[PDB]
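K.L.:
coordinates only, sequence not included:
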């Protein structure tokens, strides 16, 4: 599995200046959590896919 | 041209790029035909013989 995301430099400056969010950890936090969510859902999905 | 400049018809001007273009420069987000502006340098020599 794989994902990716890109952000402009000006947006990173703009987001930090007006909101205090670094615009880089958020995308890292979003992508890392999303992959774990899909995998966690998948394993449960296979269990029901295989249950007698 | 200088005579026009004195008369006030034409005046010097200096602006800056709107941030929208400053992100979409030669690439990012699918934009095309917008290369950067670059600078370089050249080195040239001179040679001096000796008289007597």
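P.N.:
Received, thanks. Numbering: from 1, shown residues only, chains lettered A, B, ... in the order given.

K.L.:
give me the number of residues near the closest residue to residue A:1 other than its chain neighbours?
P.N.:
Nearest non-adjacent residue to residue A:1, counting by Cβ to Cβ, 6 or more residues apart in numbering or on different chains: residue A:35, 5.7 Å away. Backbone N, C-alpha and C define where each C-beta goes, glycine included. If you count neighbours by other Cβ atoms under 10 Å in any protein chain shown, residue A:35 ends up with 13.

K.L.:
Could you look up the SS state of residue A:35?
P.N.:
Look at residue A:35: counting by DSSP: H, G, I helix; E, B strand; the rest coil, its state is helix.

K.L.:
Tell me the residue of chain A that sits nearest chain B?
P.N.:
residue A:8 (4.2 Å; Cβ to the nearest Cβ).

K.L.:
okay but that residue is in contact with residue B:21, surely?
P.N.:
No. Taking contacts as Cβ atoms under 8 Å, residue A:8 lies outside contact range of residue B:21: 11.6 Å.

K.L.:
Which of these two has more residues huddled nearby?
P.N.:
residue A:8 (15 against 10).

K.L.:
Once you drop chain neighbours, what's closest to the most centrally placed residue in chain A?
P.N.:
The centroid of chain A falls nearest to residue A:31 when counting by Cα atoms, centre = their mean (2.0 Å). Nearest non-adjacent residue to residue A:31, counting by Cβ to Cβ, 6+ apart: residue A:3, 5.0 Å away.
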